[PDB]
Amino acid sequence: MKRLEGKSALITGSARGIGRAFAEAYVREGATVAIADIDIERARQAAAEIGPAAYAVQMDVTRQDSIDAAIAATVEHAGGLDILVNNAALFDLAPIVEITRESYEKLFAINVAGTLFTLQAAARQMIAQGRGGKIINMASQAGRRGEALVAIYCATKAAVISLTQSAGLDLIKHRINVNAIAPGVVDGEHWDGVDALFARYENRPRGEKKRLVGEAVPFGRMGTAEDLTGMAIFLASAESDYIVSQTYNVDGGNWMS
């Protein structure tokens, strides 16, 4: 297809799961992809498995110096930055009266501050190049509507949707598209962990939550990262140039926006 031919992308948290499937689909479409992760060991493996057009970048989105160095590493390696995917995220679950300041601080630091300050750094580079840009934030059904036990993670994803809108309005004058994707329930490592938290607080065998949520998807199954790669390419591609400040649910019907 080669919809992203000769673009330079960076994907946060892309050593594994959705981010890694995005990095693989972007390379197939002709992009050069910085596989950015706090796990540089795993990012190096993913990059070697994907091919020459992927390369590994150590990044902690909670740290300005680390954000700024991955953008620099992208510029130094790929000549610049065309596509940012804000994919780095942390999940946690607790009822209101058991939420910790540590839970709040760590999920806001990566899900909100990590997304905003990486977007800022990417937009400054895209503006300095003068060629436009594509920024794709990762939201979630969790950001469409609250849940009794997931206040913190829901709020971070609600903040990401709002940030997507703000930044898209502020950056479209530079021909930077900011938009977001809102997955449903996606099978993998991520949803294994989610399931363990619900197992504890809803008093359920390990694996039952993840079975039930997958069966309640109107489409009829839990998501895969491959359900999402179409939209990831589309929102990075010329065919989305008029799309601004949107969150698109790709969730088998889990949330209707």
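Sequential numbering from 1, following the sequence displayed.
Looking at mean Cα B-factors across 6-14 and 245-253, the upper value is held by 6-14. Averaged over Cα atoms, the B-factor as recorded in the entry is higher for 195-203 than for the other of 195-203 and 54-62.
Comparing the C-alpha B-factors of 40, 31, 231, 222 in the entry, the top value falls on 40. Each of 76, 92, 82, 170 has a CA temperature factor in the record; the biggest one is found at 76.
Per the PDB record, residue ranking by Cα B-factor puts residue 149 in the middle third of the chain. Annotation for residue 128: C-alpha temperature factor in the highest third relative to the rest of the modelled chain, per the entry. Among the modelled residues of its chain, residue 72 has a C-alpha B-factor that falls in the highest third, as given in the PDB entry.
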